[PDB]
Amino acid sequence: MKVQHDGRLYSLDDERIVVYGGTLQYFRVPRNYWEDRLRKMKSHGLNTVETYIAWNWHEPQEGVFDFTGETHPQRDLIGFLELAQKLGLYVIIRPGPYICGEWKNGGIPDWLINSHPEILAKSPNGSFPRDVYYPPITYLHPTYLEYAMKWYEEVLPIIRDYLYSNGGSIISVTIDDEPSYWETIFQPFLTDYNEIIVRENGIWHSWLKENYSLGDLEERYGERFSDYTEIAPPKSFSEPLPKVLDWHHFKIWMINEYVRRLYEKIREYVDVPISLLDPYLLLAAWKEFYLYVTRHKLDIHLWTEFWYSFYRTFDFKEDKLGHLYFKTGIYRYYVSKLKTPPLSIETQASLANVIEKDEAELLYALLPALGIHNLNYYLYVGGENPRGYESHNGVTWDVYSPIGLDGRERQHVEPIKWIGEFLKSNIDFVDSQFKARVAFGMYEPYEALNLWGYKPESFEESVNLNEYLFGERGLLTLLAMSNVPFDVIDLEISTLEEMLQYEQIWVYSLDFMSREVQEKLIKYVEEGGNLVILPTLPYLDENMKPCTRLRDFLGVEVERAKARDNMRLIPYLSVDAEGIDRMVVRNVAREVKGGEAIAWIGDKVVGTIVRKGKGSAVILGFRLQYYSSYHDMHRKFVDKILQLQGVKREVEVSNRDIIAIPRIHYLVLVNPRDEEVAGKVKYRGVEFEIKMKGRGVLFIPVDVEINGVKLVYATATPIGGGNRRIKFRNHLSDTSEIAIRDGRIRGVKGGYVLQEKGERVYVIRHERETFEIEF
């Protein structure tokens, strides 16, 4: 009768489990099919069903609730929750108010909107047209809050009954969906100019008061103010940048206030974990979520999601790895700070035209490789929208779901299945934490800039971080493809103690960066850390006043060169260095002085290493990016930097195309390309050869006790077995190579022992992906 957790896994009656689920939205699947679909789900090793509860659906007119299929069968929420329970599945419930979910108004009733348009959010140019999707609402408007609570006041009682804590199915409740201000936060001046915000001592004026003095504001916006009253909210980029960022963190704070209201209400009914998906549809900005929730002490379980393709074929190849490494990194950060378990509540299984299984497996199998071992697949069970409730897809709700509308199982099941068998068979993997010696240091203000797409005329460096940092050619993709799996740290949040857990810290820099954070960086270097910083050094603070503590600490004078915005005008230069010949780079390089030179464009020095105190700093005046080629000069440059600052990796590979993430007693191996790849692999004291025929991921055990047998290594993935027996998975080979400390091979189930190399290492030969070994 209790749902608890540790840092790592949710517990039911002290029996700790791995949440492995799929989404079945009962309001979108015919009622008589529900039974079959939950059994099928269960048949793929899913233990958890997730579903939204749509306010829209269950209160289709003000006052008329129907949770028992009276008016319409698909309104039979009670039914569904008893059926799932009867079938042995656990339930994660998402009562909204907003469910997004490609559904009419994201779950908000028309009647609320059409008889209280005072709650509707407003642009600087007045109201939004009624034509538009997810009609934006002013969150802290009271009318909307009175009616939001009236929905929760009917539904949470029903959820109360079905809690696992009171002999039911439900193991977590989730607050709203991806609260992004109705997806208008990405445009700085779209929202919200509703007269409840905006007016003299409005929301706004009160938020300025609580966070700043006129001080402060007079330093930030470069203007004197008699009282907070005079500060109107910004309507364009002509206004000072620190103002626009305040307007950003203010809208974020408003979301957090709306979120807190819902949580506190939920807390009245529910004694199981309370959860939240991807606040703000951003990442760096979780900085604010973390501080907010530490300020107010709200036990909110931060849950995440992973989407890479919409209305388009599923496109997940090496290109997307910088982002995935980034997102899981920053997720890991805040989730290990809040000390709750990592969980992807929406892992993409629908809404791409096709989802090809090997690309899907690259996403799904890296999430556990990247520390997110609790997983839910959305949308699992294809459906169909009731009439009058359509939005984004019209009739259909089956764009290539794992199980379709007519019950068909689509290809992407094959990897959901096995990732399940793997997660459930290796508790030791799940109870690892992710290592990282290297980390990327995020400065949050840079997110906004890149989100909004705006660079001040007077800035030297581009804000297109999507190109240069996150995307297919981004630095972070280069780092992933260079076998440098990284943690992410938030530079403002993190203490120096946390920074000094890392050997290397990579920082991408723009024109501005706070004194405190430039002061932190100088200390990390001074203490024996190793910094890489790129493509310029900062020379301004958070409020755009001169500040060159970092520049001056290093004794590094960095040329001023304006990065070009016009695509045709962006140069290609070729960077030479020790051991590397003509590594291409995009956009202006900056001469860099002081320190021993390590990088050149002709005569011009564009890179330098500087030691101060126990450690060092590498400063590169160019945008180091991912570019693939036989010469492979970018990946070499990375290795070359790592040697210069003396960070040896945990894994070594004879072939750079082998991507490898160490998880202590497992070595996750990745071929991210659909191509034969082979070569040797030194890790953890051992070494072995591997051949990977196609694209995919293997979790390879090393120096570990599993199923009663001590293994040195095994070139395949453990997905179960029994006492002195191991069931292996190698779909990327005809062959596997096993080594063992103090046992022998009695026999093989799905193949035979084709070799001995001796000292107790054997080459197995299996004609299927799966096979067993008796020890």
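Counting begins at 1, following the sequence as shown.
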Using only C-alpha atoms and the B-factors in the entry, which stretch averages higher, 305-313 or 401-409?
401-409
Ranked by mean Cα B-factor in the entry, 550-558 and 288-296, top stretch is 550-558
Of the choices 356, 428, 278, 674, which one's C-alpha carries the largest B-factor in the record?
428
Which of these, 254, 664, 475, 489, has its C-alpha atom at the highest B-factor, as the entry lists it?
664
Consider only the C-alpha atoms of the modelled residues in this chain, order them by B-factor as the entry records it, and name the third containing residue 32: lowest, middle or highest.
highest
Ranked C-alpha temperature factor of residue 238 among modelled chain residues, by third
middle
Position of residue 262 among the chain's modelled residues by C-alpha B-factor, lowest, middle or highest third
middle
Residue 714 - which third its CA temperature factor falls in, relative to the rest of the chain:
highest
What third of the chain does residue 683 rank in for C-alpha temperature factor, lowest, middle or highest?
middle
